[PDB]
Amino acid sequence: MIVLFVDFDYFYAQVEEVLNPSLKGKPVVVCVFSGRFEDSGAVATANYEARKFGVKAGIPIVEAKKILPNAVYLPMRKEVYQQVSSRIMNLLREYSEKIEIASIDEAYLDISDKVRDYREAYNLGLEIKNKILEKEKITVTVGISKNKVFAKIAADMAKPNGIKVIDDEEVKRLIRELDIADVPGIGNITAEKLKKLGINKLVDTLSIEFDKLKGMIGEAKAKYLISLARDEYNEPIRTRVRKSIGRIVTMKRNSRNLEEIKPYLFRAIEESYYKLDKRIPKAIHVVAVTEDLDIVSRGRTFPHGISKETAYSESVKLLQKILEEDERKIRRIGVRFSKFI
DNA sequence: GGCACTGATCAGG
DNA sequence: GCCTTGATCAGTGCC
Ligand SMILES: Nc1ccn([C@H]2C[C@H](O)[C@@H](COP(=O)(O)OP(=O)(O)OP(=O)(O)O)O2)c(=O)n1
Ligand SMILES: [Ca+2]
Ligand SMILES: [Ca+2]
Ligand SMILES: [Ca+2]
């Protein structure tokens, strides 16, 4: 099997440069402002000119400005990026009907039936890069290997504006030498659990007793890692379907007052139904982010679709449930809908 | 024993 | 900050 993975470079910031080419060569930081005070919010992404100096996704805007006070700080325009992304995704469908759109800026193509070997695959990857550059003036990185996991590791290694193949021999090398923390799906908490077991490379998971592994990180991740170490991971490229759609808004001030919270909750419902478009959910969850930033949620599933009127009345009941069962003040409040008809 | 369902967790974009 | 193109866990009700 041959998998080609495409990952768009510094995507949000790059779209902003395409739309305003005077930004080219300047550090650009795309921000999500929460509106609680001035410059409250977090960085969504930054282009490489900013990232070079430590301005990275997730950090506080105030922290970014301490590092690069003269960078260009732009508000996130996700609707614009989403529309640009959709156009590029339509470009990719021309190269394979087996395509898995994995997020707003990534896709997997199964090109098993389009090329014979890694040489032809590399050439097709070049063709894809040039096409997206030609039509949308966006640069991407391409990773190619025998499965989705190594195709992604390949792209990680070639970023930015690159292309890389991980052939069968290199796959065997990585199983021995790749830092296990760098395997997709292994986050800090799991990486720490593993280190405490002495596992530092995929190969190590083959010699440890399975129940030990499973007891620490769970059955699913244990099997996942072992399948990879044995060079036996194969998951097909699958069409992804949206399963939940929601909106969460930050309140001006932390509160436990129902009447205070309601106007924000109802705004989240309005925006959520807008995003639902033609989908009709049978389930609704109210989702509260506490002051200490924990997340608490309560839901309700109906044997029928939920009208916006039913969303309003049920959401208040669920929020009350949350207030009844947790005593912390709420900082953000929202809803998420799912189980579409 | 194991399926179906919930809310919490961990992950990653 | 915000979103799920999320999956999996423990706890449970149930057959
Ligand atoms: N914590 C994060 C990470 C990413 N994103 C958004 C903005 C990114 O542009 C996009 C893609 O994520 P990458 O993780 O693919 O980021 P870039 O595409 O920004 O960087 P790179 O060139 O390393 O791929 O998703 C976000 O909102 N919040
Ligand atoms: Ca990217
Ligand atoms: Ca990405
Ligand atoms: Ca990691």
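These numbers come from the heavy atoms of this one structure, side chains and all, not from hydrogens, waters or symmetry mates. All chains are named by letter (A, B, ...) in the order of the sequence lines, taking the proteins before the strands, and each is independently numbered beginning at 1. Remember, it's 1-based here, ligands and their atoms both numbered in the order they're listed.
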- Message: Quick check on the hydrophobic clustering: are A:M1 and A:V115 connected, directly or via other members, by side-chain heavy-atom contacts under 4.5 Å?
- Response: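 In one cluster with A:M1: A:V115, no.
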
- Query: Any idea which part of A:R51 is under 4.0 Å from ligand 1, heavy-atom wise: side chain, backbone, both or neither?
  - Reply: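 Within the 4.0 Å criterion, A:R51 contacts ligand 1 through side-chain atoms alone.
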
Nearest heavy-atom neighbours spanning [X] and [Y]:
X      : Y      : result
A:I111 : A:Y95  : CG2-O, 4.5 Å
A:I199 : A:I208 : CD1-CD1, 3.8 Å
A:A42  : A:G58  : CB-O, 3.9 Å
A:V62  : A:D39  : CG2-O, 3.8 Å

- Task: Give me the protein N, O or S atoms that fall under 3.0 Å of the Ca ion (ligand 4), sorted by chain and residue number.
- Result: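 As for protein N, O or S atoms lying under 3.0 Å from the Ca ion (ligand 4), they are A:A181 O, A:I186 O.
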
Contact check, side chains of [X] and [Y], non-hydrogen atoms, under 4.5 Å:
X      : Y      : value
A:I99  : A:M89  : no
A:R328 : A:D294 : yes
A:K164 : A:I144 : no

- Any sub-3.5 Å donor-acceptor pair from A:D9's side-chain atoms to A:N161's backbone N or O?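 It does hold such a pair.
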
To check your reading of the model: name the closest protein heavy atom to [atom], its residue, and the distance in Å.
atom                    : result
atom 22 (O) of ligand 1 : A:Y10 N, 2.8 Å
atom 1 (N) of ligand 1  : A:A57 CB, 3.8 Å
atom 4 (C) of ligand 1  : A:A44 O, 3.8 Å

- Item | Option of least heavy-atom distance to atom 16 (O) of ligand 1 (set: A:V43, A:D9, A:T45, A:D7) |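 It is A:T45 whose heavy atom sits nearest to atom 16 (O) of ligand 1.
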
- Query: Out of curiosity, is A:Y81 lining ligand 1, as in a heavy atom under 4.0 Å away?
  - Reply: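 Flag not set, A:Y81 not near ligand 1.
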
- Task: Examine ligand 1 and decide if any of its atoms is less than 4.0 Å from a heavy atom belonging to A:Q14.
- Result: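 Not so, A:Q14 does not reach ligand 1.
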
- Query: Is any side-chain N of the basic residue among A:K98 and A:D113 closer than 4.0 Å to the acidic one's carboxylate O?
  - Reply: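 Counted as a salt bridge, because a side-chain N and a carboxylate O are separated by less than 4.0 Å.
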
- Query: Using 4.0 Å as the upper bound for N to carboxylate O, is an ion pair formed by A:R173 and A:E170?
  - Reply: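 Counted as a salt bridge, because a side-chain N and a carboxylate O are separated by less than 4.0 Å.
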
- Query: Taking the six-membered ring for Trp, is the centroid-to-centroid distance between A:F150 and A:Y233 below 6.0 Å?
  - Reply: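 No, the ring of A:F150 stays outside the 6.0 Å limit from the ring of A:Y233, centre to centre.
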
- Which of the N/O/S atoms in A:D105 sits closest to the Ca ion (ligand 3)?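 Nearest to the Ca ion (ligand 3) within A:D105's N, O and S set: OD1.
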
- Give yes or no for whether the N/O distance cutoff of 3.5 Å, strictly under, is met between A:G58 and ligand 1.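 The answer is no, given that A:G58 and ligand 1 share no N or O pair closer than 3.5 Å.
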
- Query: Between A:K159 and ligand 1, does any nitrogen or oxygen pair lie at a separation below 3.5 Å?
  - Reply: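 Yes, at least one N or O pair falls under 3.5 Å.
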
Go through ligand 1 atom by atom and flag the ones less than 4.0 Å from a non-hydrogen atom of [X].
X      : value
A:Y48  : 21 (P), 22 (O), 23 (O)
A:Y12  : 6 (C), 7 (C), 9 (O)
A:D105 : 11 (C), 15 (O), 18 (O)
A:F8   : 18 (O), 24 (O)

- Mind telling me whether A:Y81 and A:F11 have parallel, tilted or perpendicular rings, with 30° and 60° as the class edges?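 Ring orientation of A:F11 relative to A:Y81: perpendicular.
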
- Task: State whether any protein heavy atom lies less than 4.0 Å from atom 14 (O) of ligand 1.
- Result: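 Under 4.0 Å from atom 14 (O) of ligand 1, zero protein heavy atoms found.
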
